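Visitor: Dumping the structure here so I can ask a few things about it.
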Amino acid sequence: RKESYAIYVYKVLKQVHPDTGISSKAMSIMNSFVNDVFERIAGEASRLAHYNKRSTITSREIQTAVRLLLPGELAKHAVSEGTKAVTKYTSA
Amino acid sequence: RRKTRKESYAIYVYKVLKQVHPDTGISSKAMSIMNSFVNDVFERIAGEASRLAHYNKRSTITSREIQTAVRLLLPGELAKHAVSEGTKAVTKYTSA
Amino acid sequence: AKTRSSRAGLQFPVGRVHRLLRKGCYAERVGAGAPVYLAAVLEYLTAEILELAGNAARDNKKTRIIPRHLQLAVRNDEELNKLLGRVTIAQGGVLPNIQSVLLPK
Amino acid sequence: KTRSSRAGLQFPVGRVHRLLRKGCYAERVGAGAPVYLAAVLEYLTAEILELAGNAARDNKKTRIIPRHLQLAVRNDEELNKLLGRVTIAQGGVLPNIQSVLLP
Amino acid sequence: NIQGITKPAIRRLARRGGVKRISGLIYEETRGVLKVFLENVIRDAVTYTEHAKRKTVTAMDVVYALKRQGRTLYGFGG
Amino acid sequence: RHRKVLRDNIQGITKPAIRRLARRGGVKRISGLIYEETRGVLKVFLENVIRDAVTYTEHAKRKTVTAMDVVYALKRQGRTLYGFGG
Amino acid sequence: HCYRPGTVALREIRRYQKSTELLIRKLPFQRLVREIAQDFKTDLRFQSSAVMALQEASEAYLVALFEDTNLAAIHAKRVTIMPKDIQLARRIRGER
Amino acid sequence: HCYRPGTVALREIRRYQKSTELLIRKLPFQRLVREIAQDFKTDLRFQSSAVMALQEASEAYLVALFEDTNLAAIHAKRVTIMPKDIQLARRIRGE
DNA sequence: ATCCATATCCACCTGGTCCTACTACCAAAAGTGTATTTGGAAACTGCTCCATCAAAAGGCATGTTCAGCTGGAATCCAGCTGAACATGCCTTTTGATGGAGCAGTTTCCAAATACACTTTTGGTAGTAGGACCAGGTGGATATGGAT
DNA sequence: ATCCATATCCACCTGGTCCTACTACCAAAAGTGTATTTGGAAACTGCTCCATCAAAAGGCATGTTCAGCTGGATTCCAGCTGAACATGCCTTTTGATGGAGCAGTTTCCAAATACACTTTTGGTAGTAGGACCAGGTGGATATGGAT
Ligand SMILES: [Cl-]
Ligand SMILES: [Cl-]
Ligand SMILES: [Cl-]
Ligand SMILES: [Cl-]
Ligand SMILES: [Mn+2]
Ligand SMILES: [Mn+2]
Ligand SMILES: [Mn+2]
Ligand SMILES: [Mn+2]
Ligand SMILES: [Mn+2]
Ligand SMILES: [Mn+2]
Ligand SMILES: [Mn+2]
Ligand SMILES: [Mn+2]
Ligand SMILES: [Mn+2]
Ligand SMILES: [Mn+2]
Ligand SMILES: [Mn+2]
Ligand SMILES: [Mn+2]
Ligand SMILES: [Mn+2]
Ligand SMILES: [Mn+2]
Ligand SMILES: [Mn+2]
Ligand SMILES: [Mn+2]
Ligand SMILES: [Mn+2]
Ligand SMILES: [Mn+2]
Ligand SMILES: [Mn+2]
């Protein structure tokens, strides 16, 4: 079986443009984009943990990695969404 | 108070230095550059081999992954000479 | 009971992101918070991209997003263009841009 | 008895193995991988040290300084490509005046 | 088969690039550049193909080759 | 523990220094505006790098920027540096 | 007649900047990649999507290169790209 | 008074292209680094080798950039580098 | 061709710097042997999709002719920039000090892992049904440029 | 300003490519609950090296003058390249189809992991002691350039 991010990309699409569809090739580009940014952030965090002689990747390493990778407004908005998600997650 | 034992490649590249130019020294900064070069090439090769393993749904870094990684990274003759040294050292090691 | 995505109020998978971080050998261990943060950042980025792309689709009177709409979205946003500066979208084309040197008169 | 001498190498096979598993490149690391990688590393250092030693001899020196490494890698097409995105501290640049600027 | 790129094709690519006039010695130059490009990427691709012990070059091989060239490509996997 | 205010230090990158750098690049003649342009260029180059550096610093919960932070910043920027660690 | 030299040109600039289709014929390109690949390993096959991906990457690379080339020509206060422009571009990009 | 305009510049090219010493003054560069870094985060100290690393990186970058800039000037049939040259080089580099 | 003025250079030294070289201590690699676990090589093969060969139809490549206008060569001069020079500042250098804060060590406990047992889910494959757009068709109208 | 020849654009239409949707099946994934393990945060502190101070010397930045040659403006024309056209060759298309070979499944052993006991080794440290590199002075010789 082959795993994809397609159904979640579609969930967010209907969440943000309810009457808008998406062609299959565009969805494949979206899945490649998600996998790409995933590998970039995860690799940046991995290196971050290595440089500080640490064995665990916390949400903190993910945050610093995001600040390293994303430009500016994207970085702060994404940091915001992430820390919001972790706080709302640990409150339950 | 038991300072961090920082490991280098210095004594090895020094051995290799006297094997090729037995009368030439190396300054400390040039040595530091050599250690940086070795750790760099190490990270690039091991990274390529890792990516190969993950690409072929494998969990083992064989000397094969190291080899084709070297072929991907090194340019032209360097690749062929390096690959030949890798095959020689492996056969000698598996020979004993 | 409820998916960890719902615990973080997320559409993107938390369990899957945790498993892929688990198998990427990025470290020996990953804390429980890291996958929900990463899933949150990913969902945000896809949300921004799909937003701009949706705008581009409506501008050309189109119901569904095709690759060109993604290319216009990325290349017209300074931030995302910077993020994807070394990425090629297939069947995306280029921005309409004639250098103001060989124009009329 | 060490694996380095068993592999006929000066570079450390054991350290390359441990460092190989300390970076998490895969779940497992076969015994030939550190031998091969240590052999390739030793070869590359041998090459650069050789050309750089020639450089130090050219400028009538007795020990290699960073400039000699710079001339070594910048004058070899292949090493220059391998280190094309690398900056050698205190290496300087190669002598190169574009012809049209000459008398 | 490098002569396959019919001069109108170059010209179209250049129009998409935003050029107005094209020299008569642009076409063979473009031929050479395209040749070294395809040589590098295809070489890496079929190296990935050889490591997988296959005889078919997959789309994924081209995607990996391009990715390590610094020319990441969306639209075909990965 | 009062410190003076740092301002306009980009002008410490003198026109002589920029001339020297141009000479090592093989530049023969330099127009009068180059200098300011150069500083502008230099400024952004430092900014970017220094950001990532202090980011690493901030992640290590340290207050001194180490040579290794600069080396990691530069390597990420795609300008790997040999001679200070790594 | 009816048009002065170089306005149908801009017409084509707009035509192909509006669109996304590939601009090299697909089979001559496929022949090209088959030839080039035949010199690394023999008796090779290609997934259709592999050749398609190579064409997308090739045309993208060439279009960007023609952008920088056009910039180089305009910098010399000309409007016709010349091989010196392509070479100056590829030199500054680091491809040389 | 003796040499004509230009030849002393070629002398300076051969000279600085023969050596490796850093060419920006040390303390002005350190002050610039501390100013720039002071705008990102307050109370930031530097290892001396960190400032030296930033200086080596900066001067290498600027020297390479001046090489590409010179190529651009020569491409425009000039021998004088101008801001338009630096801008064309940084643009084609993707900076 | 002559020759001035200044830079370049070669041959040494000598002061201090920076490298190799000794002995020795030694935690922490690194080797080793044993036992236990398993990744993936090999072998078989079922289904995908890749290659190839056929057959039209016209889209678009090729080759030519011919004219406009763009590149490049030549000429001219305002003025921008290089070279030289006088002045003195502020960088470099040496050395000392106080203490910030980095980094080593121990204690401990919150969070991570390991494992088994259960519940849910994404995703794969068919199979219905519908809208969306690619490509014409027609005729209005804007546009390029020659009168 | 007039008018002709295309090129462009908006409206409407129609076939089929392409979406979503809804059913079922289900291995894998994800969650849960229970038990053991451990990374690394806190607290303390030894001590490296960073900031800052003073002092003084001269290397080098700054500000100015002056004139050489460079960039940029102008003019011209040779010939290069774009436009348009007729022809006709290929590319496209799509269709069927062997069968290469990608990929799914299973067996099973060479090789990797785990752990424990034994050596070996690589840094770190200090102290001695030389080679050699940097820089200062001086005195051939070259060389750019004015004649
Ligand atoms: Cl192996
Ligand atoms: Cl965490
Ligand atoms: Cl040319
Ligand atoms: Cl300019
Ligand atoms: Mn034998
Ligand atoms: Mn400030
Ligand atoms: Mn002495
Ligand atoms: Mn198994
Ligand atoms: Mn002109
Ligand atoms: Mn004048
Ligand atoms: Mn303290
Ligand atoms: Mn479901
Ligand atoms: Mn249409
Ligand atoms: Mn019509
Ligand atoms: Mn009109
Ligand atoms: Mn219909
Ligand atoms: Mn512990
Ligand atoms: Mn001129
Ligand atoms: Mn004519
Ligand atoms: Mn078969
Ligand atoms: Mn030892
Ligand atoms: Mn010396
Ligand atoms: Mn000397």
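Convention: chains lettered A, B, ... in structure tokens order; per-chain residue numbering from 1; ligands numbered from 1 as shown.
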Output the neighbourhood of ligand 4 as JSON, numbers by chain, that is, all protein and nucleic acid residues with some atom at most 7 Å from the ligand, counting only C-alpha atoms (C1' of nucleotides) and all ligand atoms.

Guide: {"H": [82, 83, 84, 85]}

Visitor: Using only C-alpha atoms (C1' of nucleotides) and all ligand atoms, which residues have at least one atom no more than 8 Å from ligand 7? Output them as number ranges by chain.

Guide: I: 14-16

Visitor: Only N, CA and C atoms (P, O5', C5', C4', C3', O3' and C1' of nucleotides), please: the residues just picked out, written as a PDB file, in the first residue's frame.

Guide:
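Here's the written file result_37.pdb:
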ATOM      1  P    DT I  14      72.243  37.586  13.537  1.00  0.00           P
ATOM      2  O5'  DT I  14      71.154  38.206  14.528  1.00  0.00           O
ATOM      3  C5'  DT I  14      70.107  39.022  14.018  1.00  0.00           C
ATOM      4  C4'  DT I  14      68.787  38.690  14.692  1.00  0.00           C
ATOM      5  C3'  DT I  14      68.866  37.626  15.793  1.00  0.00           C
ATOM      6  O3'  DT I  14      67.814  37.839  16.723  1.00  0.00           O
ATOM      7  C1'  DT I  14      67.436  36.881  14.167  1.00  0.00           C
ATOM      8  P    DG I  15      68.055  38.631  18.099  1.00  0.00           P
ATOM      9  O5'  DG I  15      66.566  38.894  18.634  1.00  0.00           O
ATOM     10  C5'  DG I  15      65.648  39.652  17.840  1.00  0.00           C
ATOM     11  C4'  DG I  15      64.210  39.177  18.029  1.00  0.00           C
ATOM     12  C3'  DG I  15      63.935  38.379  19.299  1.00  0.00           C
ATOM     13  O3'  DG I  15      62.608  38.632  19.731  1.00  0.00           O
ATOM     14  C1'  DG I  15      63.500  37.020  17.420  1.00  0.00           C
ATOM     15  P    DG I  16      62.101  38.160  21.182  1.00  0.00           P
ATOM     16  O5'  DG I  16      60.594  37.703  20.911  1.00  0.00           O
ATOM     17  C5'  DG I  16      59.983  37.976  19.648  1.00  0.00           C
ATOM     18  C4'  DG I  16      59.205  36.771  19.134  1.00  0.00           C
ATOM     19  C3'  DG I  16      58.649  35.834  20.212  1.00  0.00           C
ATOM     20  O3'  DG I  16      57.515  35.181  19.700  1.00  0.00           O
ATOM     21  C1'  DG I  16      59.996  34.616  18.835  1.00  0.00           C
TER      22       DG I  16
END

Visitor: Taking only C-alpha atoms (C1' of nucleotides) and all ligand atoms and a cut-off of 10 Å, can you tell me which residues surround ligand 22, written as a list in words?

Guide: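 So, counting only C-alpha atoms (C1' of nucleotides) and all ligand atoms, the residues near ligand 22 are residues 59, 60, 61, 62 and 63 of chain D; 131, 132, 133 and 134 of chain J.
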
Visitor: Taking only C-alpha atoms (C1' of nucleotides) and all ligand atoms and a cut-off of 12 Å, can you tell me which residues surround ligand 12, written as an mmCIF file with N, CA and C atoms (P, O5', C5', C4', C3', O3' and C1' of nucleotides), in the first residue's frame?

Guide:
data_model
loop_
_atom_site.group_PDB
_atom_site.id
_atom_site.type_symbol
_atom_site.label_atom_id
_atom_site.label_comp_id
_atom_site.auth_asym_id
_atom_site.auth_seq_id
_atom_site.Cartn_x
_atom_site.Cartn_y
_atom_site.Cartn_z
ATOM 1 N N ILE A 7 -5.868 12.978 1.640
ATOM 2 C CA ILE A 7 -7.181 13.207 2.245
ATOM 3 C C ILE A 7 -7.141 14.384 3.210
ATOM 4 P P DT I 120 -13.948 1.554 17.860
ATOM 5 O "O5'" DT I 120 -12.853 2.096 16.838
ATOM 6 C "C5'" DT I 120 -11.736 2.811 17.344
ATOM 7 C "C4'" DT I 120 -11.010 3.549 16.241
ATOM 8 C "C3'" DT I 120 -11.888 4.039 15.103
ATOM 9 O "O3'" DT I 120 -11.443 5.336 14.715
ATOM 10 C "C1'" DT I 120 -10.267 2.478 14.276
ATOM 11 P P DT I 121 -11.990 6.055 13.391
ATOM 12 O "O5'" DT I 121 -10.848 5.734 12.334
ATOM 13 C "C5'" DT I 121 -9.486 5.752 12.751
ATOM 14 C "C4'" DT I 121 -8.569 5.633 11.556
ATOM 15 C "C3'" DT I 121 -9.135 6.222 10.274
ATOM 16 O "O3'" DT I 121 -8.088 6.752 9.496
ATOM 17 C "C1'" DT I 121 -8.799 3.909 9.980
ATOM 18 P P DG I 122 -8.272 8.152 8.734
ATOM 19 O "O5'" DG I 122 -7.300 8.010 7.474
ATOM 20 C "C5'" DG I 122 -5.947 7.616 7.675
ATOM 21 C "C4'" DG I 122 -5.570 6.473 6.756
ATOM 22 C "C3'" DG I 122 -5.704 6.775 5.264
ATOM 23 O "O3'" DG I 122 -4.692 6.087 4.548
ATOM 24 C "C1'" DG I 122 -7.058 4.956 5.795
ATOM 25 P P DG I 123 -4.022 6.742 3.242
ATOM 26 O "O5'" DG I 123 -3.854 5.502 2.251
ATOM 27 C "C5'" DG I 123 -3.804 4.180 2.766
ATOM 28 C "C4'" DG I 123 -4.499 3.208 1.825
ATOM 29 C "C3'" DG I 123 -4.853 3.791 0.452
ATOM 30 O "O3'" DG I 123 -4.817 2.765 -0.526
ATOM 31 C "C1'" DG I 123 -6.803 3.068 1.483
ATOM 32 P P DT I 124 -3.535 2.533 -1.462
ATOM 33 O "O5'" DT I 124 -3.904 1.178 -2.225
ATOM 34 C "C5'" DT I 124 -4.395 0.057 -1.481
ATOM 35 C "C4'" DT I 124 -5.608 -0.568 -2.151
ATOM 36 C "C3'" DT I 124 -5.809 -0.194 -3.618
ATOM 37 O "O3'" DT I 124 -5.645 -1.355 -4.420
ATOM 38 C "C1'" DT I 124 -7.867 -0.118 -2.390
ATOM 39 P P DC J 22 -21.756 9.962 -0.302
ATOM 40 O "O5'" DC J 22 -22.611 8.625 -0.487
ATOM 41 C "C5'" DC J 22 -22.754 8.045 -1.782
ATOM 42 C "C4'" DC J 22 -22.621 6.535 -1.706
ATOM 43 C "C3'" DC J 22 -22.374 5.993 -0.296
ATOM 44 O "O3'" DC J 22 -23.152 4.826 -0.069
ATOM 45 C "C1'" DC J 22 -20.678 5.242 -1.744
ATOM 46 P P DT J 23 -23.218 4.166 1.398
ATOM 47 O "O5'" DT J 23 -22.673 2.680 1.168
ATOM 48 C "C5'" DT J 23 -23.364 1.799 0.292
ATOM 49 C "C4'" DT J 23 -22.450 0.691 -0.193
ATOM 50 C "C3'" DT J 23 -21.778 -0.113 0.905
ATOM 51 O "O3'" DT J 23 -22.612 -1.198 1.307
ATOM 52 C "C1'" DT J 23 -20.275 0.357 -0.921
ATOM 53 P P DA J 24 -22.297 -2.009 2.662
ATOM 54 O "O5'" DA J 24 -21.012 -2.898 2.304
ATOM 55 C "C5'" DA J 24 -21.061 -3.824 1.223
ATOM 56 C "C4'" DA J 24 -19.665 -4.304 0.850
ATOM 57 C "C3'" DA J 24 -18.900 -5.010 1.968
ATOM 58 O "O3'" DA J 24 -18.325 -6.203 1.456
ATOM 59 C "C1'" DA J 24 -17.563 -3.307 1.035
ATOM 60 P P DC J 25 -18.038 -7.453 2.420
ATOM 61 O "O5'" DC J 25 -16.465 -7.372 2.664
ATOM 62 C "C5'" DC J 25 -15.642 -6.725 1.705
ATOM 63 C "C4'" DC J 25 -14.204 -7.168 1.846
ATOM 64 C "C3'" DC J 25 -13.879 -7.869 3.147
ATOM 65 O "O3'" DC J 25 -12.726 -8.678 2.966
ATOM 66 C "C1'" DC J 25 -12.923 -5.696 3.146
ATOM 67 P P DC J 26 -12.058 -9.445 4.206
ATOM 68 O "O5'" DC J 26 -10.946 -8.425 4.719
ATOM 69 C "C5'" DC J 26 -9.959 -7.943 3.817
ATOM 70 C "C4'" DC J 26 -8.876 -7.200 4.570
ATOM 71 C "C3'" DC J 26 -8.597 -7.739 5.975
ATOM 72 O "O3'" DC J 26 -7.194 -7.747 6.223
ATOM 73 C "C1'" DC J 26 -9.144 -5.455 6.096
#

Visitor: Counting only C-alpha atoms (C1' of nucleotides) and all ligand atoms, give me one row per residue of chain I with an atom at most 9 Å from an atom of ligand 10, showing the shortest contact pair and its distance in Å to one decimal, sorted by chain then residue number, as JSON lines.

Guide:
{"residue": "I:77", "atom": "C1'", "partner": "ligand 10", "partner_atom_place_in_ligand_line": "1 (Mn)", "distance": 6.8}
{"residue": "I:78", "atom": "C1'", "partner": "ligand 10", "partner_atom_place_in_ligand_line": "1 (Mn)", "distance": 6.3}
{"residue": "I:79", "atom": "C1'", "partner": "ligand 10", "partner_atom_place_in_ligand_line": "1 (Mn)", "distance": 7.0}

Visitor: Hey, what's within 9 Å of residue G:18 if we count only C-alpha atoms (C1' of nucleotides) and toss same-chain stuff fewer than 4 positions away? As a ChimeraX atom specification, please?

Guide: /C:93-96 /E:16 /G:13-14

Visitor: Would you mind exporting the chosen residues as a PDB file, in the first residue's frame, restricted to C-alpha atoms?

Guide:
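Just written: result.pdb:
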ATOM      1  CA  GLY C  93       4.785  27.516 -16.240  1.00  0.00           C
ATOM      2  CA  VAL C  94       6.257  30.920 -15.410  1.00  0.00           C
ATOM      3  CA  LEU C  95       4.887  34.264 -14.299  1.00  0.00           C
ATOM      4  CA  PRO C  96       3.880  36.555 -17.191  1.00  0.00           C
TER       5      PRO C  96
ATOM      6  CA  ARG E  16       8.752  31.449 -22.156  1.00  0.00           C
TER       7      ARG E  16
ATOM      8  CA  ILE G  13       6.333  35.735 -25.296  1.00  0.00           C
ATOM      9  CA  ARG G  14       2.808  36.307 -24.003  1.00  0.00           C
TER      10      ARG G  14
END
